[PDB]
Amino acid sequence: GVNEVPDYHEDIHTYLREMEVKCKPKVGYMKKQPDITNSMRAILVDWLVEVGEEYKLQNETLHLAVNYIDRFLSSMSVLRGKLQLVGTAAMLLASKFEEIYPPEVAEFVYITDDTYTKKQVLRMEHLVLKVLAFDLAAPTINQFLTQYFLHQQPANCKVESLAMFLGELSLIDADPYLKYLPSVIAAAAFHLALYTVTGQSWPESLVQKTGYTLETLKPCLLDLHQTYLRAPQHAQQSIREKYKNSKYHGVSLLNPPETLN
């Protein structure tokens, strides 16, 4: 059980719940962004999903990166021509923090198709560090999902992978997922995965851990359910493509439920 830190999991959960609030982006930042839109971000995140796949980075890394991006765009106004540079620097920081073997700076320069220089990536990397004040150990959707998974009886890989996928889909669209905390989307994701695969619901035991019920998850779950329903039609497709892979049990090929009941 030590891999599941029995002596510290509650402490850790409590602490992540407080830091998700601290590390939260501004809900309505994109309105105050003069030259960029929810759609441009979606394109950006979708691409980072691909970079993630191109260099076999952790899903955690993707999640951190997006947190860094949204927190940056929450206080820094950015021209469309520079949005990808922010994305690149973010992915570089998330890689250095989370990855055993981060890609070299020059690989980041390479995937931006030489839009930018090594110097630009490096200077941006610092700017982001400055804007975030090195505040990089951010709770992610994934950090909550993995703890919620410990409550499955029994464990189910299709459930795990499907919840991860739904979690990822949420990264794509700031409207409406910026309004929800990681811990809540994770919950929505877990319940929807669970229900799709097994027909079961959000367990009592996670009601005890989290304080959340289907009541409190309902808004988020309604959105996540729409997103899941429409995922084949969304302009951004890299997450669906990724989750056809056997590594994730091909869960993007499962059929969403027509109702949550």
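The first residue of the sequence shown is number 1, and the count goes up from there.
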**Q.** Mean C-alpha temperature factor, higher of 243-251 and 21-29
**A.** 21-29
Q.
Please compare 150-158 with 120-128 and say which has the higher mean C-alpha temperature factor in the record.
A. 150-158
Q) Of the choices 76, 174, 92, 133, which one's C-alpha carries the largest B-factor in the record? A) 174
Q) Comparing residue 103 with the other modelled residues of its chain, is its CA B-factor in the lowest, middle or highest third? A) lowest
Q.
Based on the deposited C-alpha B factors for this chain, I'd like to know if residue 145 is in the lowest, middle or highest third.
A. lowest
Q: Could you tell me which third, lowest, middle or highest, the C-alpha B-factor of residue 55 occupies within its chain?
A: highest
Q. Sorting the chain's CA B-factors, does residue 194 end up in the lowest, middle or highest third?
A. highest
Q. Lowest, middle or highest third: where is residue 223 by C-alpha B factor in its chain?
A. middle
